[PDB]
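Here are the chains, one letter per residue:
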Amino acid sequence: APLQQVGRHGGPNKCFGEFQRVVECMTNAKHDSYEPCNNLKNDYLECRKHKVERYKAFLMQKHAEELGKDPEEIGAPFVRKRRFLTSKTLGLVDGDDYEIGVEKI
Amino acid sequence: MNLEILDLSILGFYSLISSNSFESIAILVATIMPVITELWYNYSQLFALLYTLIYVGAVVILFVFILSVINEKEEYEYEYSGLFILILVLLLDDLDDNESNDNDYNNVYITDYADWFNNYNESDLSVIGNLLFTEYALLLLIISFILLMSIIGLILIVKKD
Amino acid sequence: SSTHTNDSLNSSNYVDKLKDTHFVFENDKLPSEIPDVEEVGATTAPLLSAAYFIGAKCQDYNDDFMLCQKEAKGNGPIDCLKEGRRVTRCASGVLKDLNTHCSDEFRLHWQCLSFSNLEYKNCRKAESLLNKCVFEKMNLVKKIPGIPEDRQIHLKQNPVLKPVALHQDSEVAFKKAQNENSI
Amino acid sequence: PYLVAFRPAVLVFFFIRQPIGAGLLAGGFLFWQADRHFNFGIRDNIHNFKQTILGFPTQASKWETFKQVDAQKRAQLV
Amino acid sequence: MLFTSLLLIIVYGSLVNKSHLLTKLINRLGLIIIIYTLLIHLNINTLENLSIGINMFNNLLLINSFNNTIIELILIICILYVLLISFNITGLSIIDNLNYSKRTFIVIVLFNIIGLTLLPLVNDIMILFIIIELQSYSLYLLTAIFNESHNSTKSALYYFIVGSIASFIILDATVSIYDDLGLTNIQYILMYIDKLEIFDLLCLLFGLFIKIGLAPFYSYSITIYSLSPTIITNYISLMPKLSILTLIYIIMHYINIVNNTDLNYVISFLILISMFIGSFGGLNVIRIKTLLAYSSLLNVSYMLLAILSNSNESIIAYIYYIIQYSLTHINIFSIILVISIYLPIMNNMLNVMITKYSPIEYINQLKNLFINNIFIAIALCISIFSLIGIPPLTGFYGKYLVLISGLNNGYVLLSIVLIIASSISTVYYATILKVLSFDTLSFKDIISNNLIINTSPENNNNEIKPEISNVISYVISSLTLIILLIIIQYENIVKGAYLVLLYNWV
Amino acid sequence: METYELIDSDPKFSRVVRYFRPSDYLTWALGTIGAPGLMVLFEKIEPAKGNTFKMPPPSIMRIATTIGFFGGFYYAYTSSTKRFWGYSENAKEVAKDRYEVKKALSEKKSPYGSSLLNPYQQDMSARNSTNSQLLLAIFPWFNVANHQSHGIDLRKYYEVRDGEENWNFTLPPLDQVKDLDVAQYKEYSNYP
Amino acid sequence: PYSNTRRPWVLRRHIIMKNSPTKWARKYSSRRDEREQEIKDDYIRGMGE
Amino acid sequence: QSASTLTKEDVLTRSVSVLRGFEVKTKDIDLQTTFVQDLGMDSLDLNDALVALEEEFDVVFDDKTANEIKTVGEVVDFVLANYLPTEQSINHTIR
Amino acid sequence: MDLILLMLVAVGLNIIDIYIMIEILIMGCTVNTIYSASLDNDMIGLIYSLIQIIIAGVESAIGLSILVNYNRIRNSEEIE
Amino acid sequence: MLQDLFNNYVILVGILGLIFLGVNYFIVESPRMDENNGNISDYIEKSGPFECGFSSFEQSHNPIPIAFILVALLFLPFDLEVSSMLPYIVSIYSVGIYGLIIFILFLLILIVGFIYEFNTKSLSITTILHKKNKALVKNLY
Ligand SMILES: CCCCCCCCCCCCCCCCCC(=O)OC[C@H](COP(=O)(O)OCCN)OC(=O)CCCCCCCCCCCCCCCCC
């Protein structure tokens, strides 16, 4: 059994476990048909693309629009510029809005 | 503003109006450079550098062949085109840049969660070599075989003797 | 490793622009049913300086937390919350003891690591003083498993690789102990 | 990373040699960037037109399916 | 054995001096290498053991009893082809010296045999791409082995460009599948056979269809086979089909698991068009190799119907058909190479120019073969009648077994169309026979001392000098009698094809 | 199918050569002289130049002997491999295999031997080399590593068969045999 | 960090590099997206059970 | 491709037009029309016509033929037998 | 714009321009492999990408030699 | 790892190159301040190619024979071989002896190409002239 889905550090990646449980199910001798392993196939494909999870987020965003809910009042706060991950945004006691250093670690 | 869109807009314009063979060997270099930069800044810096190391050597060999085969044909020839038909073509092309039709896959943003289990932390090239030289060593040895065939093949084609 | 991923900060802001990266916060605390625990507040240099003393003090709890992860069978982060809180408290206990017993020796060692690219080989002298102070006051010995006790690299008399730049504070503090302790 | 260094060189030389071809190409480039930045929705609506005419599941098609399930499920409870 | 002996031959060929005799003797060493390769392969691979399917080299390769039979067939046909370059085809130096003037001829063949035999075994998308390049590159190098020939180089340029486009299509198909599933091993991909896009595998088949000259991509192969030297055209027109069609059968075996009838319809469309082009295309042609190019396109369409149906009756049909068609292909090209000795010599209208690479280039250069050599003319008639499908020759059972599998699967249209295609193509098959024999009586008492064969000297005028060399004559005799008398052993041969399994088991 | 007892699903290179029968050496010689002999036969069947017999040059016979020598070994290697796999009659090889394994077990030594390879590389090496003899006619690949994936259970060496009582081997339990998997991961479950 | 997972611009805008049998199928043929939309719809239909 | 597409009527027709642009005694030119008698060309006028007929058909008269040419029909015969299209680059034919 | 085969106008009118199109087309496959492998954190895809680059460079050399010898055949008189 | 400082440097390099062109463009005196021989476009006697004083045939678009074309072609197979060792360089320890033996096998198969090129003399210069010494002989009677 050759290795598949090898992470960048040589070990199993995020989705290897899903793939491994599919192989074990499909190759088990206790199974009359491949029907038991159908949910395991969807789980592996969901691990890679997250297509159903993205689809759920599509419904939640759309359902919030039709009820007039504010996107900025029900979502999660975010910052787009890395230089402005400031100590005030991070919540430090002596925080400030001055830019952080990202030029050279 | 994603300035790579403008770069490909200029490249597509020059591919429609290119006339001689030197311009084609420049369309190739004008294509690898956007690929190398976008790989460098988004997905893989390792393969951005591998592209530069290998394709440039192929480009110069390609260029030197143009010198030995340039045959006066397309310097004095005429093309018609039309500026309006060029820009209209590029406008219609620019309209549809959605290579995929899964709207949720193209619109919803995702994240990954880091873990500290990988304490032996090395580069992607070390893992690629670790697998290539151990588990897929047959693939490497066939590639070595194909490279040997090219060496014999180039000689039996080009050498008059 | 400088590979761009989707789980941490990337190389530059051109990577963020291409990925349209959003750095997202969550204002919600952990649910009240889960018991609270104070997180470890030490940064990289103090943690690396204290790595082998946290190992020598929390070995039972570190192994038990990791063994919980293996027995969790995928349900890892949920089923080992209680074991994880023990690990955090034990690690904070070591850092607490360092700042009360070996404060100057401890702060000397991780100030050298910050001065020296966080390479253990560059700060042997300050490490030796910290090892001596910790052993006397906390009875903790640094051990590198899998090798004989006399082949441990941090105890090598004449190492091949040595720091190019010398930490002046470590040189001064090493001389003071030489003339006062090993008479 | 070499496009960052070359881009100022190529762009100015492109305008010098072909000022009208460059202005038309650059003008169209900026217009779509204004469509995306200011949410004019022109490119999105063209995309919604292409999916409808080619038989793809559109954004409205997927939302209609949800509304059909929503009405079906509510009556199943009432 | 192949890989090890190739390295020795590569080095040895570059060490010794260049002479026609040494190249000919090096070719005979290549003959011994393939024979030892066959003996070693037979000694270890047996149909009964490989029925289950055995993984090798970290599951990169997968050999079963269906793959194994094709590998032995490839080795056997390659043995027959090397006899052409390892012995005298005509015995006259002006013609035969061409086969001995290139020392890398045997090296390229051994390079390609490795690619031919490994391709049906591929079990991973990464190794599928690597091997299909290895097979393609060797074919390009063989098409250009005669680099001082303008037509040979022009064909290799056409071959390279078209075959690179197909390879990109093949690579693009595998990249799409990897993108969908994140997996590279075929057996792993089979676990997700119901969820990947099955038309991503049709794109993979489309690239394979280009490499076998299927319509609508038939144009380049008809052009290349006619422009290449007859010795080159003999190899490149048959060898790629033995491996690629076997691989197509295995891919179609996996595709049939999900039973996508839309995919079955697209392939049926390509088969239908190829029958029309293969039959009507050859009606108005004057070159024999152009005629045989359409014959190849037609017989591939027949096999692809068996591959498309893909059932228990299809294994027997494909296995038997590919074996008997390879022998007929070998037999016809062997005769065409030999009968250049009966060509008249000038001592003129239309300014017809004949080159040393293809002395027999037009169908009407086969005139009066019934007078010059009756036994060879009959041997050519038997082969052509086999292509027609005249019972009880081998070609009849090939069409009979193909029809059984096709009609068993409900391909009523394609079964009728091929039988109409067979009748249409009979017109240009009969034209060969008309040229060979129909003017026998009105030309029997004529003085023909202007033939190529008459330029040869005589030893003593008291000895008996055979007009055709020993090895090439025995091969033509053996293959012709196998084609003619297959009725004697047909029952035993078809029982053997029953045992060749592709995951049938029970 | 006339199957036999499985000895080793991936025999080591040294074991295959050591277990050569006198006929396997005989076929090795036949391959070595069969290649120059075929060059004489081909000339006898049809002379390369002209119509008279001419002995091929010594340089051709030198390279032919080398080609036959490798071909003779590959044939003999596949002949001996089938006995390990059980495809061919291997009654003699089973008795020899059982004596060698029981002798090594009684010495608390691995029947497979100690390896320079870590657990991954032993597993990887077995994946690459197992069943590779099926393509030995195309390209070579041999098992030259001491891995533990041989397709056999060492418990079958703990039952005395007919003609093995005079060996008097006292076999320890498998957890005391050095360099075996079942006696390697003592302290950590991911380190041997 | 939350980021999009779209293909590079050069892949979906280069005049030549964007053309292939599978890329045209992904862009112009609805056969693939019809099947995958069924999987997403089953998620909401199966909530009630 | 590399073959002539010339007919005897076209070559004669193009020859007459090229000869009409000169100062000839008569504009009625056929195959039998001689250069010295009917058209009235001296040594230099004849060779001006030959080179003019060379440029029109992209052919070059050999020295032996040119010195011995008498009639218009001889030129038409020469062009038909000797005309070849010029070789094109390696890209014009195959592309 | 793709379905009307707009790419056939972007390819130049020399044999070498066809070679460049083939290289660009294959390079599109490798960029797609790198993109998927990086998102999945899968090194098997990157091994595939490396193999594609090496193999694509091999056929570039083999095709060039055929075109090189094709041009030599035309310049065959070589009376010098 | 942070490459924001590297991004600024690459930006500066791109701008710095255009400075040399611009500064030379703004510094040179206008042609009317010089001998005033007009714009460079008209002065064809200056913009013509240099041929050491005497004009020659304009052979810009004629093909140029290249005597080292075979060596240039063989550069690509060897360049790929060198680039194939990069995975081994950074993984030499991990692969151990198994990878080292595979690395040698990779190089041993490619060394046959080196033997082949040496024995065939394929890396020479393809001259079109050959200097051969004829022997003077006398057909005496
Ligand atoms: C440091 C900057 C170097 C480049 C600065 C010069 C800018 C010019 C364009 C650079 C590349 C942009 C895309 C062009 C692709 C090649 C098409 C081409 O033929 O070159 C364009 C150039 C202009 O000639 P033009 O007169 O406008 O058109 C012919 C009219 N009958 O016709 C020419 O033949 C001139 C080409 C000169 C040699 C250029 C070699 C290519 C260098 C590319 C490096 C940058 C990669 C591309 C980045 C931009 C991508 C669009």
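Remarks on the overall build of chain G
Phase 1: Within chain G one finds three helices and zero strands.
Phase 2: Overall, the C-alpha framework of chain G stretches about 50 × 35 × 10 Å when taken along its three principal axes.
Phase 3: Burial status across chain G gives 63% buried among its 49 residues.
Phase 4: With an accessible surface of roughly 2000 Å², chain G has 52% of that area assigned to carbon and sulfur atoms.
Phase 5: Here chain G contributes 13 positively and 7 negatively charged side chains, and the mean placements of these two sets differ by 16 Å.

So, the pattern of salt bridges
Pairs can form between side chains of opposite charge once their charged atoms are near each other.
Phase 1: According to the stated counting rule, one finds 58 salt bridges over all chains in the structure shown.
Phase 2: The partner of G:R13 in a salt bridge is B:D94, and the shortest N-O contact between them spans 2.4 Å. Here G:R13 is found in helix α1 (residues 9-13), whereas its partner B:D94 is found in helix α4 (residues 83-95) on a different chain.
Phase 3: With relative accessibility at 11%, the residue G:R13 sits in the buried group.
Phase 4: One salt bridge in this structure joins G:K18 and I:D2, with 3.9 Å as the shortest N-O distance. Linking G:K18 in the loop between α1 and α2 (21-28) with I:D2 in the segment before α1 (7-10), this pair reaches from one chain into another.
Phase 5: The exposure class assigned to G:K18 is buried, which follows from its relative accessible area of 7%.
Phase 6: Through salt bridges that share partners, A:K49, B:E99, E:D179, E:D180, E:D200, G:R6, G:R7, G:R26 and G:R32 make up one connected network.

What to know about the arrangement of the chains
Phase 1: The assembly contains 31 pairs of chains in contact; the pair sharing the most contacts is chains E and F.
Phase 2: If you take every C-alpha in chain D and every C-alpha in chain F, the smallest gap between them is 38 Å, and the two do not touch.

Describing the interface of chain A and chain D
Phase 1: Opposite the six residues of chain A that make contact, chain D presents five residues.
Phase 2: Contact with chain D buries surface across chain A, with A:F58, A:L59 and A:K62 losing the most and accounting together for 62% of the total.
Phase 3: Put simply, chain A and chain D have zero salt bridges between them.
Phase 4: Put simply, chain A and chain D have zero residue pairs in polar contact between them.
Phase 5: A breakdown of the residues in the side of chain A that touches chain D according to their chemical character gives three nonpolar, one polar and two charged.

A short note on empty space enclosed by the protein
Phase 1: Size it by volume and the largest cavity reaches roughly 230 Å³.
Phase 2: Lining the largest cavity are 17 residues; nearest its centre among them are E:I186, E:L201, E:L204, E:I251 and E:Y254.
Phase 3: Elements with a minimum of two residues in the lining of the largest cavity: α6 (125-143), α7 (150-181), α8 (186-190), α9 (199-211) and α12 (239-255) of chain E.
Phase 4: One number sums up the size of the second largest cavity: a volume of about 180 Å³.
Phase 5: The wall of the second largest cavity is formed by 14 residues, among which B:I54, B:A58, I:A56, I:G57 and I:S60 lie closest to the centre.
Phase 6: Each residue belonging to the lining of the second largest cavity can be placed in one class, and the counts come to nine nonpolar, three polar and two charged.

A few points about helix α5 (residues 119-129) of chain F
Phase 1: The buried fraction of α5(F) amounts to eight of the eleven residues, a majority that puts the element mostly inside the structure.
Phase 2: For α5(F), every residue scored as buried is listed here: F:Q121, F:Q122, F:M124, F:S125, F:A126, F:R127, F:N128 and F:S129.
Phase 3: If you follow the buried residues of α5(F), they end up packed against α7 (137-158) of chain B together with α5 (92-120) of chain J.
Phase 4: Following α5(F) by one or two positions, F:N131 has its phi on the positive side, about 65°.

A word on the environment of B:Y51
Phase 1: Among the secondary structure elements, B:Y51 is positioned in helix α3 (residues 45-69).
Phase 2: For the pair formed by B:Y51 and B:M33, sequence separation is 18 residues and the distance between their alpha carbons is 9.3 Å.
Phase 3: With residues near it in sequence (within four places) discarded, B:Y51 still touches B:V35, B:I36, B:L39, B:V56, I:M27, I:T30, I:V31, I:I34 and I:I53.

A closer look at the site of the ligand
Phase 1: Taken together, 14 residues lie around the ligand, and B:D7, B:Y14, B:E23, D:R17 and D:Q18 are the ones closest in.
Phase 2: The local environment of the ligand is shared, drawing residues from chains B and D.
Phase 3: Contact distances for the ligand include 2.4 Å between an oxygen atom and a side-chain N or O atom of D:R17.
Phase 4: Within the side chain of D:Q18, an N or O atom sits 2.7 Å from an oxygen atom of the ligand.
Phase 5: If the ligand stood free it would expose 1000 Å²; the protein chains cover 67% of that surface.
Phase 6: Where the shell around the ligand is concerned, the elements lending two or more residues are α1 (3-17) and α2 (21-43) of chain B together with α1 (2-17) of chain D.

Concerning the UniProt feature "transmembrane region" (unreviewed entry) in chain I
Residue and element names in this part refer to chain I.
Phase 1: Annotation from UniProt places "transmembrane region" (unreviewed entry) at residues 5-26 and 46-68.
Phase 2: Within residues 5-26, the helical portion is 73% and the strand portion 0%, while the C-alpha atoms at the span's ends are 18 Å from each other.
Phase 3: Secondary structure content for residues 46-68 is 100% helix and 0% strand, and the end C-alpha separation is 33 Å.

Notes on the interface of chain F and chain E
Phase 1: The partner chain E presents 48 residues to the 46 residues of chain F that form the contact.
Phase 2: When chain F packs against chain E, the two sides together hide about 4200 Å² of surface, and 69% of this comes from carbon and sulfur.
Phase 3: Three residues stand out in chain F for area buried against chain E, namely F:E46, F:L134 and F:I138, and they jointly supply 17% of the buried area on that side.
Phase 4: Across the pair F:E43 and E:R28 runs a salt bridge, and its minimum N-O distance is 3.4 Å.
Phase 5: Scanning the region where chain F abuts chain E turns up 22 residue pairs in polar contact.
Phase 6: Counting only elements with at least two residues in the side of chain F that touches chain E, the list comes to α2 (22-45), α3 (58-85) and α5 of chain F.
Phase 7: Ranked by residue count, the leading element in the side of chain F that touches chain E is α3(F), at 15 residues.

Remarks on the state of the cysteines
Residues and elements named next belong to chain C.
Phase 1: Following the criterion strictly, the structure yields five disulfides over all chains and no others.
Phase 2: Disulfide partner of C68: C80, at an S-S distance of 2.0 Å. Because the sign of the S-S torsion sets the handedness, a value of about -95° for the bond joining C68 and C80 places this disulfide among the left-handed ones. Here the residue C68 occupies a position in helix α4 (residues 59-72), and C80 occupies one in the loop between α5 (76-79) and α6 (81-101), the gap between them amounting to twelve residues. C80 matches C68 in its accessibility class, with the two residues each being buried.

Some details on the packing of aromatic side chains
Where two aromatic rings form a pair, the distance of their centres and the angle of their planes describe that pair.
Phase 1: Within this structure, the stated rule accounts for 72 aromatic pairs over all chains.
Phase 2: A ring pair is formed by E:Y218 and E:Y294, whose centres lie 6.3 Å apart and whose planes are at 50°; its orientation type is tilted. You can see E:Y218 sitting in the loop between α9 and α10 (219-227) and its partner E:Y294 sitting in helix α14 (residues 288-309), a full 76 residues away along the chain. As far as burial versus exposure is concerned, E:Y218 and E:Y294 are alike and both buried.
Phase 3: When the ring of J:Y88 is compared with that of J:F103, the centres are 4.2 Å apart and the planes differ by 15°; the resulting orientation is stacked. Remark: J:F103 occurs in helix α5 and J:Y88 occurs in helix α4 (residues 86-89); sequence separation between them is 15 residues. J:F103 matches J:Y88 in its accessibility class, with the two residues each being buried.
Phase 4: Three or more aromatic residues joined by ring pairs form one cluster here, namely F:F13, F:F20, F:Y25, F:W28, F:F69, F:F70, F:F73, F:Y74, F:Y77 and F:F142.
Phase 5: A cation over an aromatic ring shows up here: D:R43 above the ring of D:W32, its NZ or CZ 4.8 Å from the ring centre.
Phase 6: The ring of A:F58 carries the charged tip of D:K62 above its face, separated from the ring centre by 4.4 Å.

Rules of the game
- Within each chain the first residue of the written sequence is number 1 and the count goes on from 1 in that order, possibly differing from the entry; residues lacking coordinates are omitted.
- Following the order in which they are written, the chains are lettered starting with A and the ligands numbered starting with 1.
- Values throughout refer to the chains shown here, themselves only part of a larger assembly.
- Calculated side-chain values reflect all of the structure's heavy atoms, with hydrogen atoms and water omitted.
- Every helix listed is a DSSP run of H or I at least four residues long, and every strand listed is a run of E at least two residues long, numbered separately from the N terminus.
- Relative accessibility thresholds used throughout: buried, under 20% of the residue-type maximum; exposed, over 50%; partly exposed, between the two (1.4 Å probe, protein chains only).
- All accessible-area figures derive from a Shrake-Rupley calculation using a 1.4 Å probe, and residue coverage is judged against the displayed protein chains alone.
- Residues scored as charged are limited to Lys and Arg (positive) and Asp and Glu (negative), so that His and the chain ends carry no count.
- Where a charge sits is defined by one atom per residue type, namely NZ (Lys), CZ (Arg), CG (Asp) or CD (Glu).
- Criterion for a salt bridge: a side-chain nitrogen of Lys or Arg within 4 Å of a carboxyl oxygen of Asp or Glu.
- Whether two residues touch is decided by their heavy atoms; if any such pair falls within 4.5 Å, the residues are in contact.
- In short, buried area is how much 1.4 Å probe accessible area vanishes from two parts on joining, totalled over both.
- Here a polar contact means two N or O atoms within 3.5 Å. Within protein one must be a hydrogen donor candidate and the other an acceptor candidate, and residues neighboring in sequence count only if both atoms are side-chain atoms.
- Under the scheme applied, nonpolar residues are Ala, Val, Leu, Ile, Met, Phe, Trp, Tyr, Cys and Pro; charged residues are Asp, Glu, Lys and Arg; polar residues are all the others, including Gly.
- Buried and open spaces are told apart on a 1 Å grid over the protein atoms alone, a cavity being a set of points where a 1.4 Å probe fits but cannot get out and a pocket being an open set with protein on both sides within 12 Å along at least five of seven lines. Residues with an atom within 4 Å of a point are the lining residues.
- Grid points are joined across faces, edges and corners, and a volume is the space filled by probe spheres set on the points.
- Neighbouring residues are identified by heavy atoms, a residue being near a molecule or strand if any of them is within 4 Å of it.
- UniProt positions are given in the numbering used here, feature names are shortened, and annotations may be inferred rather than shown by experiment.
- The disulfide criterion used throughout: a pair of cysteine sulfur atoms within 2.5 Å.
- Think of it this way: a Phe, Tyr or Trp ring, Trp meaning its six-membered ring, pairs with another when their centres are within 6.5 Å, and the plane angle makes it stacked under 30 degrees, edge-to-face over 60, tilted otherwise.
- The rule for a charge over a ring is simple: NZ of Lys or CZ of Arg within 6 Å of the ring centre, and within 35 degrees of the ring normal.

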